Each structure stands twice: as structure tokens, then as C-alpha cells.
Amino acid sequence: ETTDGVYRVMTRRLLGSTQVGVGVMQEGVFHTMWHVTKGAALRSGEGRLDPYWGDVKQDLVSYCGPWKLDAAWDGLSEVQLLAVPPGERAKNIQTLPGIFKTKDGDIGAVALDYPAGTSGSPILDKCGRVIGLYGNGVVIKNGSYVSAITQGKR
């Protein structure tokens, strides 16, 4: 129920299901963006995953334990978005990150546009480590999107 991998985050009512996000299972902890779940409990197979930690400002939340993803973008190399869009197979998209320049340091950022329910898709370095999650970003003048490479503290 906690096997490592990338997962879709779904909701079901009285009809079909909707994909609201994506997350990463690593070391028995599920990692996703706060705006995907709002810290609601997650059903996994027969079991239940409970929120352990989160921070609305980082837009992150973990389940079952503390945040485990500590890999950092090197500021130099290309990365891969492992995009898991609603209703589509997981696909790797390679890109050279731009940068969000903030008063509190620079954050790598990827100029890739996907549906809202792709939120929480992991961003990878060349060794396959997750250097952050996709889906909290900005819209620029031409209407395209730039996502921060959002990474938590371990």
C-alpha cells in the first residue's frame, strides 16, 4: 500500500473519478502538494494514509511520516518532469530549468504547461532522484506557465 512510485491522487463522488493531483511514495511516505489534498486522508488500496506534516506556504504535505525528498537541483543541469496528466500515461519531459529570483534565494523553475490535476508530478535529476514537485508557479504575459521546482526540508 506504500510501494515506492509515482501515484495519481483521485476523488470519487457518486459517479466517476477525477484526478486532482499526483504524488511520490518514497521511504513509506507519500509526498504531494498541499493544494491537491488540503491534508485530507488518502485511501491506498484497503488502507488509510494520514497527514503528518505540511506547510501551505511551501504548498507541500506529507503522509505517514516526515518529508523524505532531499535531492536538490544543481543549478546547472537539465531535469525531467515525470508528468502524470489526468487520463494520460506518465511521460518524461526533459528541460533546462529557468529560475525564480526571490528575496529569499533562487528557485529553479520549469516552463512546462499541464492541466491542474498534474499538480504534484515529480521533477527528476539525472540519477532519478526527485528534486521537487511540479505545480506551484506563475502565469506570464503570453499566458504560458512556469512552475517552481518545489522541494521540502528533510
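All residue numbers refer to positions in the sequence shown, first residue = 1.
Higher average CA B factor: 102-110, of the stretches 83-91 and 102-110. Note on 39-47 vs 113-121: mean CA B-factor is higher in 39-47.
For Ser17, the recorded CA temperature factor ranks within the highest third of the chain's modelled residues. Ranked by C-alpha B-factor against the other modelled residues of its chain, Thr150 falls in the lowest third. When the modelled residues of the chain are ordered by C-alpha B-factor, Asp59 sits in the lowest third. Placement of the Cα temperature factor of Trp67 within the chain: highest third of the modelled residues, per the deposited record.
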